[PDB]
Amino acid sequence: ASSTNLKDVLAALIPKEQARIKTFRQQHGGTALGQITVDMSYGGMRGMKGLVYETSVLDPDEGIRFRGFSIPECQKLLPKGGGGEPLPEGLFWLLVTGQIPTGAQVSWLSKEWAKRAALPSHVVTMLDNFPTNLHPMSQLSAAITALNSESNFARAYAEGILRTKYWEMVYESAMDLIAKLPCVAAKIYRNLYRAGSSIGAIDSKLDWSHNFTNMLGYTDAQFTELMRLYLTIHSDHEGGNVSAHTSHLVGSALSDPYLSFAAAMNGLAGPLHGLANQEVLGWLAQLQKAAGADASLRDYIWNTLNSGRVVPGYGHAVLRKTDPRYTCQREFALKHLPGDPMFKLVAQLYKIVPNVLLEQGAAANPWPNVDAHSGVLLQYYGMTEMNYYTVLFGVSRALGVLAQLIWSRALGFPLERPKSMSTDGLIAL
């Protein structure tokens, strides 16, 4: 008997994994997986094997994997809306469960997220009184923090539930959070860019991305497709990246999923992180201001470098080859907006940047990352408010970090609390 329920699947999954991790540790907990050096400690744990994070694994040369599923693999394996791009819903299922969902599973996440999407009065209020000079990443983060009012986990905790059932409330809270997110994000959008307009209602018959673009105001059918891809690809990028790591660190203290997501957004908003999204367009926007020669384009790049600034959208702490996310993006444009002048510029830069970056001899990875390509795509569709882009990143990212947050609590991961040292102390060591 019975129809679909992610929670039921998970309940089945948890105890097996549980057991599986126990014996492994029983046999290998003492095994040395690495060493730490002085440079690593000074260098942002660069290279340091530090976390267990299950939803995705990033390969230095190959790029991100979802099970072991590459982007291209997802591209073909996940269910599409009807109609060529994978549903972030399916991705989510994939992340949570390790398995490739059926259309019928997928339809359920949609329905579920459609059902959950409700904004509370205090929140709408705050969003409506916000200043327009308040950054949208700021706006997003305060709204989600403020949503914690609603936390099913924070309530359950207050009540004194047994630690074993943590995962259960975390899941409810994750699903509600995912559900609401597009409402919060579109509300911000509308407030700032479409004053006097309203987000409208969620149509339980749409996929989450389509509901999103509707609330955002986009009618173009290809844009919905872009949105579907975008939100899928930005999903997750293993645990060591600032955003995901932040959620993980904050969640380990047993701060509810709302608060953990919010902190994460605070990290996504740094220029070295998600904000690169935005920094790229603005850099391209300056660029054009000041159809150019490769040589001038080169002068332009040197000038940033000499200025002690970074070239946005190039480089990676872990990747060492061109991001497949980038490649993915490029292939979308090559299909859909191959003559876009902005597209063309971005293509052009790919020819130049890495080279200039090799010339300088400082970046360990001279290739482009996801951020280098994402704005170009949005602009083309009419979404030209660049200070907004990172919100979109913010929304996708929820899918991965929340998916993981649930396993962490499920596996009983403890407080993230490493040891620090001072220079004096280290020097003496």
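Numbering starts at 1 and runs along the sequence shown.
The deposited sequence places no unmodelled residues between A201 and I202, so the chain runs continuously there. In this entry, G82 is separated from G83 by 1 to 3 residues of the deposited sequence that have no coordinates. In this crystal structure, the stretch out of 222-230 and 209-217 whose C-alpha atoms carry the higher mean B factor is 222-230. Looking at mean Cα B-factors across 14-22 and 404-412, the upper value is held by 14-22. Per the deposited coordinates, the residue with the largest Cα temperature factor out of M265, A179, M342, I144 is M342. Looking only at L134, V353, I100, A269, the residue with the top Cα B factor in the deposited structure is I100. Remark: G292 belongs to the highest third of its chain, ranked by C-alpha B-factor as recorded. Per-chain ranking of the deposited C-alpha B factor places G394 in the middle third. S151: CA B factor in the middle third of modelled residues in this chain (values from the PDB entry). Ranked by C-alpha B-factor against the other modelled residues of its chain, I36 falls in the highest third.
In the PDB entry, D61 places in the highest third of its chain by CA B-factor.
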